[PDB]
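Notes follow once the structure below has been shown.
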Ligand SMILES: C[S@@+](CC[C@H](N)C(=O)[O-])C[C@H]1O[C@@H](n2cnc3c(N)ncnc32)[C@H](O)[C@@H]1O
Ligand SMILES: C[S@@+](CC[C@H](N)C(=O)[O-])C[C@H]1O[C@@H](n2cnc3c(N)ncnc32)[C@H](O)[C@@H]1O
Ligand SMILES: C=Cc1ccc(O)cc1
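Protein chains in written order, with the numbering used here: chain A, 1 to 284; chain B, 285 to 567.
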């Protein structure tokens, strides 16, 4: 987040084998409610990450001849996409900031207009949500749909706000509220997100909130994945990087955002808990 | 004996890469696949942890078709029903592809199957003609079988070199049954095409090519090779960790495993092996 997005894309694909199945289950619940034009239009994926939802989930489910455009503010992610999950003739991985001042000067804008825009687990990394909904509203054809997978609240955000009070850190965390989801302290996340979408010319067709778990088979891939989604590590020097992490990870099982379980085969299971708002809108 | 691959937790470390690989192979063949008007059940033999079924097969299947995935090991068949469980579509059962009494299995009576997928497993089945004959039984006349057999790989040569060690020879007396039969084949595509046609199949397409399995971290590359090591279940604990290091060291000797660099500067870990891809049809 902030300066670029999630660097180190290698550590993030450790959650592919789990995050792929999660969004693949969310989209299956909404895919029947999605209407499509006769002649296909380009489809956009915002905050595509290492391009696994774009390649392994979105692309197999799109109609034939539908071209896909996947963007991410972090370069390292978009280069990881074009090298591993690179799907020729369908997916075109590009760079874009969803709250770009000059959207009309980007490659993604001129690939448009787009029929559908999938914005998955990335709108919590955007402090200015209404500006991001605006730019998505510019990119959609009238009648085009948008699919949101916004994270309402999670213990990772509170662990950020608790660490921001440490004079040890503090200096690097003066803007902690801009690294926290805007629906973190919201008493009604579904209502505020339904109001925000409709306040930008959208027809909210469906909007629900539920808990989610992120499965990890091994112990270290649970740890190494949390290294990537730690948004403050790019500001900390090396002598305190490994200390910011342990301070963070300790404050997580305190807040019970992460957990460890047992398997039917007896093996150890590792989890990450968080709430997700799922939305389906349509431009007028 | 070999009750397939246990420790399913370690195998899903290759899902994030094996999913994209088998997804790429099917895209090269999916145009040549005919489908019936009324859907018939589709079978995935040796499905593993249900990843090349929930995320690869079922998404692109004709709506209304039902998938049946079967492994030989309960641990995998148990991993699927928990994680990659897709109700109303994929059913995960247990089956040995060379079962003496196929007709007494649940998989046999969910059939007959329109299509049968077989990805990276026939190199674990010594009697390959028996497994092809069983696949021929399960298919409807006109059905199609999609094979993904590993012709040769350095994991097998490392096995045959470790069998010569008196340190291990007691556990590795049947080393030729833990090696793909097409390992020492001078023409794997020819033998496989002849094997399929000798069982009533019409080989529509058959190619051989090298493939690569990528792992982003160092230990996921290591922990995955723990699962695909077929001799670890025979070794006592005092020599298990020594058997793995002896295996891993011989792998970079034979250059089956490699390591690379990333555009962002990160380390890349690989596993190299040859794959036969086939598309047959029952008469
Ligand atoms: C935690 S990831 C989730 C990726 C994807 N939803 C998935 O589940 O595979 C959020 C992604 O959105 C990117 N991102 C963060 N902030 C962004 C912004 N303001 N504009 C565009 N992309 C952003 C990040 O670089 C990161 O790759
Ligand atoms: C390494 S996996 C590959 C699974 C899938 N193709 C993939 O790439 O994810 C091969 C699976 O087939 C199972 N298997 C091994 N021998 C078998 C046999 N003779 N019959 C049926 N299944 C077998 C093993 O338990 C193993 O889980
Ligand atoms: C048990 C041997 C083995 C070889 C290749 C593979 O993909 C899985 C297992």
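Each residue gets a CB set at the ideal place from its N, CA and C atoms; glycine is no exception.
Counting only the Cα atoms, residue 65 of chain A lies some 49 Å from residue 529 of chain B.
When DSSP assignments are scanned along the stretch 115-156 of chain A, the uninterrupted stretches of alpha helix (DSSP H) that are 4 or more residues long and fall wholly within it turn out to be 129-139. Between the stretch 451-468 of chain B and the stretch 417-425 of chain B, the count of C-beta pairs closer than 8 Å stays below three; the two stretches do not touch.
A distance below 8 Å separates the beta carbons of residue 202 of chain A and residue 146 of chain A.
Counting only residues of its own chain and dropping the five nearest sequence neighbours on each side, residue 24 of chain A has a CB closer than 6 Å to the CB of 57.
Beyond the five residues adjoining it in sequence on each side, residue 373 of chain B comes within less than 7 Å, by CB distance, of 342, 350 and 351 in the same chain, given in chain order. For residue 264 of chain A, the chain B residues whose C-beta falls within less than 7 Å of its own C-beta are 362 and 366, listed in chain order. Within the stretch 295-313 of chain B, the residues whose Cβ lies closer than 7 Å to some Cβ of chain A are 296, 297, 299, 300, 303, 304 and 307, listed in chain order.
Taking the Cα of residue 432 of chain B as reference, the smallest distance to any Cα among B:542, B:541, B:312 and B:566 is reached at B:312.
DSSP, read as helix, strand or coil, puts residue 490 of chain B in strand.
Contact fails between the stretch 289-298 of chain B and the stretch 389-407 of chain B, because fewer than three Cβ pairs, one in each stretch, are under 8 Å apart.
For residue 417 of chain B, the nearest beta carbon of chain A is not closer than 8 Å to its own beta carbon. The beta-carbon of residue 534 of chain B is placed no less than 8 Å from the nearest beta-carbon of chain A. The count of Cβ pairs closer than 8 Å, one atom from the stretch 351-366 of chain B and one from the stretch 255-274 of chain A, reaches three, so the stretches are in contact. The count of Cβ pairs closer than 8 Å, one atom from the stretch 29-49 of chain A and one from the stretch 89-106 of chain A, reaches three, so the stretches are in contact. Judged by beta-carbon spacing, residue 356 of chain B lies within the 8 Å limit of residue 288 of chain B, meaning their Cβ atoms are closer than that value. Comparing alpha-carbon positions, the option among A:230, A:27, A:21 and A:84 lying closest to residue 305 of chain B turns out to be A:84.
Taking 3 residues as the minimum length, the beta strand (DSSP E) runs contained wholly in the stretch 228-273 of chain A are 258-262, in order along the chain. By the Cβ neighbour-count rule, residue 270 of chain A is buried, with 16 or more other Cβ atoms within 10 Å of its own.
Distances from the alpha-carbon of residue 495 of chain B to those of B:286, B:292, B:291 and B:309 put B:309 closest.
Between residue 532 of chain B and residue 524 of chain B, the C-beta spacing is not below 8 Å. A distance filter of 7 Å between CB atoms and the heavy atoms of ligand 1 selects the following residues in sequence order: A:1, A:4, A:5, A:6, A:19, A:23, A:46, A:47, A:48, A:49, A:50, A:52, A:53, A:71, A:72, A:73, A:74, A:77, A:96, A:97, A:98, A:99, A:120, A:121, A:122, A:125, A:126, A:149 and A:229. Cα atoms of residue 276 of chain A and residue 185 of chain A: separation of roughly 14 Å, rounded to the nearest angstrom. Take residue 480 of chain B, set aside five residues on each side of it, and the residues of its chain with a beta-carbon closer than 7 Å to its own are 416, 487, 562 and 564, in chain order. Cβ proximity to chain A below 9 Å picks out 335, 338, 339, 340, 343 and 344 from the stretch 335-356 of chain B. Residue 178 of chain A has no beta-bridge partner at all, per DSSP. Exposure of residue 344 of chain B is indicated by the presence of fewer than 16 other C-beta atoms within 10 angstroms of its C-beta. Contacts with chain A at 8 Å (Cβ-Cβ) include residue 292 of chain B.
A direct Cα-Cα distance of roughly 19 Å separates residue 35 of chain A from residue 54 of chain A.
Interface with chain B (8 Å Cβ-Cβ cutoff): residue 217 of chain A is included. Within the same chain, 172 come within 7 Å of residue 235 of chain A by CB-CB distance, once the 5 residues on both sides are set aside. Between residue 47 of chain A and residue 122 of chain A a beta carbon distance of about 3 Å is seen, short of the 8 Å cut, so the two are scored as contacting. Collapsing the DSSP output to three states places residue 24 of chain A in a helix. Within the same chain, Cβ atoms closer than 6 Å to the Cβ of residue 222 of chain A are found at 216 and 270, the five residues on either side in sequence being excluded.
Under the three-state reduction of DSSP, residue 352 of chain B is assigned to strand. Taking C-beta atoms as the reference points, residue 438 of chain B and residue 539 of chain B count as a pair closer than 8 Å.
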